[PDB]
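Visitor: Mind looking over this structure? Questions follow.
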Amino acid sequence: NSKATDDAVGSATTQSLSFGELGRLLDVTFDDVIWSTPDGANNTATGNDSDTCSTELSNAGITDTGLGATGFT
Amino acid sequence: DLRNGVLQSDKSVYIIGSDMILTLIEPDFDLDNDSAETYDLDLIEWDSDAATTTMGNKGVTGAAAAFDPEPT
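Chains as they are written, first to last, in full-length UniProt numbering: chain Y, 868 to 940; chain F, 1230 to 1301.
Printed below as a string of structure tokens:
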């Protein structure tokens, strides 16, 4: 959660360069947005109701919260 | 020698969200023949009723992601 290459195929080791991020090789997106699990420090938004998006998914029985959680290699 | 640049596109009218091919003819920039040279995208200006921006990392906030350049 402390690196720009999160929930993407690549390396945790990374650098910021002109062409983009050096540790990124492949990623998957829905509606042109990174498919990532709601984890870290910035996942406290509850939306319309008082339930955060992370527990909101869990109540629906979903374990495929993002690309990193499907075990994709 | 130095020459003046020619800037052009594949077609005049575009549907919103479609991909446009943008072409720049600057002979000033072929410094090495053996390699393909790369130049920053901030050189181009986008000015319209919506906003005025450089279409690169130096544009208005979220403009870079709004164009999704391929390549960068």
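Even for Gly, the Cβ is constructed at its ideal location relative to N, Cα and C.
1. Below 7 Å CB to CB, which residues in the same chain sit around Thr1282 (chain F) once its five sequence neighbours on both sides are set aside?
2. Alpha carbons only, please: which of Y:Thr911, Y:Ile901 and Y:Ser885 is nearest the one belonging to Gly935 (chain Y)?
3. On the premise that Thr904 (chain Y) lies in contact with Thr932 (chain Y), defined as a C-beta separation below 8 Å, what is that separation, rounded to the nearest angstrom?
4. Indicate whether at least one CB of chain Y lies closer than 8 Å to the CB of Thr1301 (chain F).
5. Are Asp916 (chain Y) and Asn868 (chain Y) close, meaning C-beta to C-beta below 8 Å?
6. With hydrogens ignored, establish whether the beta-carbon of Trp1275 (chain F) is closer than 7 Å to any heavy atom of the ligand GDP.
7. Would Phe886 (chain Y) count as contacting chain F if we go by Cβ distances under 8 Å?
8. Where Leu1270 (chain F) and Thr937 (chain Y) are concerned, what is the direct C-alpha to C-alpha distance, given to the nearest angstrom?
9. Mind checking whether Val1235 (chain F) and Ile1254 (chain F) have CB atoms under 8 Å apart?
10. Does the Cβ-Cβ distance between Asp1259 (chain F) and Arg1232 (chain F) come in under 8 Å?
11. Applying the criterion that 16 or more other CB atoms from any shown protein chain within 10 Å of the CB defines a buried residue, is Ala1279 (chain F) buried or exposed?
12. Label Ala875 (chain Y) either buried or exposed according to how many other C-beta atoms from any shown protein chain fall within 10 Å of its C-beta, with 16 as the threshold for buried.
13. So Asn910 (chain Y) and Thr896 (chain Y) are in contact, right, with Cβ under 8 Å, and what is the actual spacing, rounded?
14. Residue range of the alpha helix (DSSP H) that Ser1264 (chain F) falls in?
15. Taking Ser1238 (chain F) as part of the beta strand (DSSP E), name the residues at either end of that continuous run.
Guide: Answer, in terms of the structure:
1. Here residue 1282 (chain F) is taken as the residue at index 53 of the second sequence, counted from 1. Contacts found: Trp1275, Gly1288, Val1289 and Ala1292.
2. Within the first sequence, numbered from 1, the residue matching residue 935 (chain Y) stands at position 68. Ranking the options by Cα distance to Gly935 (chain Y), first place goes to Y:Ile901.
3. Taking the first residue of the first sequence as position 1, residue 932 (chain Y) is located at position 65. Taking the first residue of the first sequence as position 1, residue 904 (chain Y) is located at position 37. Going by Cβ atoms, the distance from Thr932 (chain Y) to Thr904 (chain Y) rounds to 4 Å, so yes, they are a contact pair.
4. Counting from one through the second sequence, the residue named residue 1301 (chain F) turns up at place 72. Closer than 8 Å to some Cβ of chain Y, the Cβ of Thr1301 (chain F) qualifies, so yes.
5. Translated into positions along the first sequence, residue 916 (chain Y) becomes position 49. Translated into positions along the first sequence, residue 868 (chain Y) becomes position 1. Not a contact, by the Cβ cut-off of 8 Å.
6. Annotation note on the ligand GDP: not contained in the displayed structure, which lists no ligands.
7. Position 19 of the first sequence, counted from the start, is the residue given in the question as residue 886 (chain Y). Judged by the 8 Å Cβ criterion, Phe886 (chain Y) is in contact with chain F.
8. Translated into the one-based positions of the second sequence, residue 1270 (chain F) becomes position 41. Translated into the one-based positions of the first sequence, residue 937 (chain Y) becomes position 70. Distance between the alpha carbons of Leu1270 (chain F) and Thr937 (chain Y) is about 36 Å.
9. Stepping through the second sequence from its first residue, residue 1235 (chain F) is reached at position 6. Stepping through the second sequence from its first residue, residue 1254 (chain F) is reached at position 25. It is a contact, given that the beta carbons lie within the stated cut-off.
10. Numbered from 1 along the second sequence, position 30 holds the residue referred to as residue 1259 (chain F). Numbered from 1 along the second sequence, position 3 holds the residue referred to as residue 1232 (chain F). No, they are not a contact pair.
11. As a first step, residue 1279 (chain F) is located in the second sequence; it is residue number 50 there, counting from the start. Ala1279 (chain F) should be labelled exposed.
12. For the purposes of this step, residue 875 (chain Y) is identified with residue 8 of the first sequence, where counting begins at 1. Answer is buried; the Cβ neighbour count reaches 16.
13. As a first step, residue 910 (chain Y) is located in the first sequence; it is residue number 43 there, counting from the start. As a first step, residue 896 (chain Y) is located in the first sequence; it is residue number 29 there, counting from the start. The Cβ separation is near 19 Å, so there is no contact.
14. As a working note, residue 1264 (chain F) is residue 35 in the second sequence. That residue, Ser1264 (chain F), is in no alpha helix (DSSP H); it is neither H nor E in DSSP.
15. Mapped onto the second sequence, residue 1238 (chain F) falls at position 9. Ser1238 (chain F) -> beta strand (DSSP E) spans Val1235 to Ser1238.
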